[PDB]
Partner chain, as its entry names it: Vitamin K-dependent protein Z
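Let's start with one chain on its own, the form solved without the partner chain, as structure tokens.
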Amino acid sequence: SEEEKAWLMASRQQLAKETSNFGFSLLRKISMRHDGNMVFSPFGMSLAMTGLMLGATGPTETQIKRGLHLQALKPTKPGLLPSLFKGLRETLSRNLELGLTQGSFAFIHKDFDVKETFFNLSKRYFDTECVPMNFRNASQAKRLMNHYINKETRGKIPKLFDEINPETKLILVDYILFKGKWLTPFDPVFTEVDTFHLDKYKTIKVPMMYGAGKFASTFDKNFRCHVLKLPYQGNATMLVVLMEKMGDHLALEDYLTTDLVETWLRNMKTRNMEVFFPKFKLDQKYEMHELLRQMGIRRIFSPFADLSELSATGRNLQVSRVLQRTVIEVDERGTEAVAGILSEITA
């Protein structure tokens, strides 16, 4: 029993490490087509793809696991991966100071017969709530789904859905909601508009927060970047990476790995210092269909997709669309961030 716990712990460490690397690979892909602000949830994406794997089988499923950097996760047991997210969800749900909740919906077309084993496993691992839905009534379907997601994101993602493919048989939606409070809040009195350099030539004036206190930081001589920890309550933290130099310099995304991140954490020093950190609000959405194919996840989006763990009869289903939308607000009290990820399954 003690050995099962140690082993499940090693497996969870591996899942986390690989999900971080998946995240960095995906950021890199997103940054090929987007030159501005970016934000998304690596955790949410892996959780969403793992949800889909319950419906998939054979090479369709295995290619998803490779794409998630989860090839040869230390065990080869049935349900191992979703059981890891379940175990991870139950522990993260217990730390009340963390402020992290998650959940899952399955919106199912009213005439589409689904395998009960699918419902059983989804409920077991992701506590998925099943909501029958008429997808041939576009505006009704849009409103109902949006209400559900609006409620569970506490209004931070009011309209995840716009267009409704009338051939949709199932939409899986995962959400993650994080409300973190800073361990050392910024006092709003000291927040003033200051200069932020957009590039070597242009500046703009932005609300800039002041923090004073013990903070962990380090300077990476090689990238010429400062790396700073901004901890929250309940053992979460934001890592901020700031390049000193703007110009022809290195795309950090090309070198971001867990090895590098661990090098920075290994070399952190704590000291009294002042931090000036801007307020910000992002709201980014990405169709992931094509990026994921760029990471080798392909069969699930093709007419070869095997999603016969899903249909009571007949798999001629595929995933037409995977969309994530993420909002984040940073201010003197903390950070609130919400991610909603949808996968649409069509005949």
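Between two forms, the rigid core is the largest collection of C-alphas that superpose within 1.5 Å. Numbering follows the first chain given and starts at 1.
Not on display, but discussed next: the form solved in complex with the partner chain.
Within 4.5 Å of the partner chain in the deposited bound form, a heavy atom is found for every one of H197, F223 and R298.
Shown without its partner, this chain lists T62, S302, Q294, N316 as candidates; in the deposited bound form, only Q294 has a non-hydrogen atom within 4.5 angstroms of the partner chain.
Stretch 244-252 is the answer when you ask which of 244-252, 71-79, 155-163, 116-124 has residues with heavy atoms within 4.5 Å of the partner chain in the deposited bound form. Taking the partner from the other structure, the partner chain in the deposited bound form has no heavy atom within 4.5 Å of any heavy atom of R66. The partner chain is not drawn, but in the deposited bound form it has a heavy atom within 4.5 Å of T203.
The closest non-hydrogen atom of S320 lies beyond 4.5 Å of the partner chain in the deposited bound form. In the deposited bound form, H289 stays away from the partner chain, with no heavy atom inside 4.5 Å. Taking the partner chain as positioned in the deposited bound form, the residues of 26-64 that bring a heavy atom within 4.5 Å of it are, in sequence order, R28, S31, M32, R33, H34, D35. Comparing the two forms between this form and the one not shown on the rigid core, the single residue of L84, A236, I176, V275 with a CA shift of 2 Å or greater is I176. Remark: with the core as the superposition reference, the CA shift of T335 between this form and the one not shown reaches 2 Å or more. The Cα shift for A251 between this form and the one not shown, taken after rigid core superposition, is smaller than 2 angstroms. The rigid-core alignment places the CA of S217 less than 2 Å apart between this form and the one not shown. Relative to the shown form, the CA atoms of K285 and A339 are pushed 3 Å or more farther apart in the deposited bound form. Cα-Cα spacing of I171 to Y286 is reduced in the deposited bound form versus the present form (difference of at least 3 Å).
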